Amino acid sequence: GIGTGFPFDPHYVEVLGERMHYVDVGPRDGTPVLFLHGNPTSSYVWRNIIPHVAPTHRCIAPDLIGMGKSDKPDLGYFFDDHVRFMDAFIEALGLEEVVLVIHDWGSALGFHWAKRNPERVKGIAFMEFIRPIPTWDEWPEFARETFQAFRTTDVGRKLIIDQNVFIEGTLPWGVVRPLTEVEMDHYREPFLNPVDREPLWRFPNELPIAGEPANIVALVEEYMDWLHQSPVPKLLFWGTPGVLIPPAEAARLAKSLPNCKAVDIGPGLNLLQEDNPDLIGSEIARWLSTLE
């Protein structure tokens, strides 16, 4: 049975006038490992992978601004907002060199930070990450009508903000195996008040789909161009059928990206961490040992 508890002691750092929550476990020496979550999760999504890495490495998993146990100021919560906060989070913790373990929107932050700081990244493990979606035909059929609704200010805000559809609908429909009530309540916890659900709506409105928004497509195309050139060791977890990364796209990127190893986790949609945390955690620890 996949674990449901969150036993990590809370840590907080002040940043741009707000406090951000982060997990900090493992031995201090070595290269720290930085876990970046996405929408609509938090560091809770890493709770069963970190125990495979914490024996030998320091594990840092922050809650994005406006999410988890972090502060929730009245922001627009655009992707630029998360960039400015994650930039100053990494600097506030004195993280000189890091290994990235990123997912969903945490991967957009991780890849964009790596492009701007390539000398400070010693490895990138990633899964179901932000890539350009050329047309809506490359988006999964069963989720197309829902995400097109999300990307409007009338229907999309009614579903995500008023009815909490991204937590009540999108989250369980992004995991193959059934979630428990305790696991749902952990994801419901940061967004009990509808006024705090702004990040849950802006994030899908930022997804680079069909060239829109053009500023996010351009940004993702740049760090995807840097990925193809960089020699940084890469670990690519993928699931079947997946959501953002279909198996065929993972097969192409495993061979086209330099020093990229691909791992099949079995059945999976978007939250691969909830479908096979033991394989993901153990494969990260093994892969870290082959980098020294």
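The numbering used is simple: start at 1 and walk along the sequence shown.
Student: Highest recorded C-alpha temperature factor, please, choosing from 153, 107, 193, 215.
Tutor: It is 193.
Student: Checking the entry, which one of 93, 210, 101, 207 has the top C-alpha B factor?
Tutor: Going by the entry's C-alpha B-factors, 93 comes out highest.
Student: Comparing against every modelled residue in the chain, figure out the third that the C-alpha B-factor of residue 112 lands in (lowest, middle or highest).
Tutor: According to the entry, residue 112 has a C-alpha B-factor in the chain's lowest third.
Student: What third of the chain, by the recorded C-alpha B-factor, contains residue 88?
Tutor: Highest third - that is where residue 88 ends up once the chain's C-alpha B-factors are sorted.
Student: Sort the modelled residues of this chain by their C-alpha B factor and say whether residue 274 lands in the lowest, middle or highest third.
Tutor: Ranked within chain, residue 274 CA B lands in the lowest tercile.
Student: Divide the modelled residues of the chain into thirds by Cα B-factor and specify which third, lowest, middle or highest, holds residue 187.
Tutor: Residue 187: CA B-factor falls in the middle third of its chain.
Student: State the tercile, meaning the lowest, middle or highest third, of residue 122 with respect to the CA B-factors recorded for its chain.
Tutor: Its C-alpha B-factor, which the entry lists for residue 122, ranks in the middle third among residues of this chain.
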